[PDB]
Amino acid sequence: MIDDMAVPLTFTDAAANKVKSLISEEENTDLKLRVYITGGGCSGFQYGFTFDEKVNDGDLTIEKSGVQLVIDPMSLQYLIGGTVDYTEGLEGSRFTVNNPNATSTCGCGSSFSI
C-alpha cells in the first residue's frame, strides 16, 4: 500500500467534484484541494476549501475522487477522522463536515428539533 494518502478527515465524492470541476475549468491541469479552518462554532464542521496544486509544507494530504486533498495541521486536529460532503447547485455551494469535536457527545436525549 501507500503511506501518504488517507490520513485524517475523509470527505465525500462531490467535494472532489467541486474541485476537479472548477479546477479543470481554470485550465490549471489537476488541482489539489487544500482545506483550511472556516467552520462555525468553536468546534468546526465546515472548513474552507481551496485548489492548491503546489503542496504546502507541513500539510497532510488525502487523495480525492478526481484529485488530491491537502489540509493544514490546524484543520487536521479539527477534522480528525471526521466526514465531509459537498452539495452545490441552486441553493448555493453548501459545505458540511462531521467530527468528534463537532458532533460531540450528548448522552442520547430524545430527537426532534430546537
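- The deposited coordinates derive from solution NMR.

### Regarding helix α1 (residues 14-23)
And then number 1: All of the buried residues in α1 are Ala15, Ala16, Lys18, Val19 and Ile23. Buried positions in α1, seen along its axis, are confined to an arc of 160 degrees and lie on one side of it.
And then number 2: For α1, the secondary structure elements touched by its buried residues are β1 (10-11), β2 (32-35), β3 (49-51), β6 (83-87) and β7 (94-98).

### Describing the packing of aromatic side chains
And then number 1: Taken as a whole and judged by the stated rule, the model has 3 aromatic pairs.
And then number 2: Taken together, a centroid distance of 6.2 Å and an interplanar angle of 75 degrees make the contact between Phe49 and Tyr86 edge-to-face. One end of the pair, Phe49, is in strand β3; the other, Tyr86, is in strand β6, and 37 residues separate them in sequence.
And then number 3: Residue classification places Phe49 among the buried residues on the basis of a relative accessible area of 9%.
And then number 4: The positively charged end of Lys64 is found above the aromatic ring belonging to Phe11, 4.2 Å away from the centroid.

What counts and what doesn't
- Residues numbered from 1 in each chain as written, not as in the entry; some residues may be left out.
- Heavy atoms only, no water.
- Buried < 20%, exposed > 50% of the residue type's maximum accessible area, 1.4 Å probe, protein only.
- Helix = DSSP H or I, 4+ residues; strand = E, 2+ residues; numbered from the N terminus.
- Arc of directions from axis to C-beta.
- Contact = heavy atoms within 4.5 Å.
- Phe/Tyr/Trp six-rings, centres within 6.5 Å; stacked < 30°, edge-to-face > 60°.
- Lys NZ or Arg CZ within 6 Å of the ring centre and 35° of its normal.

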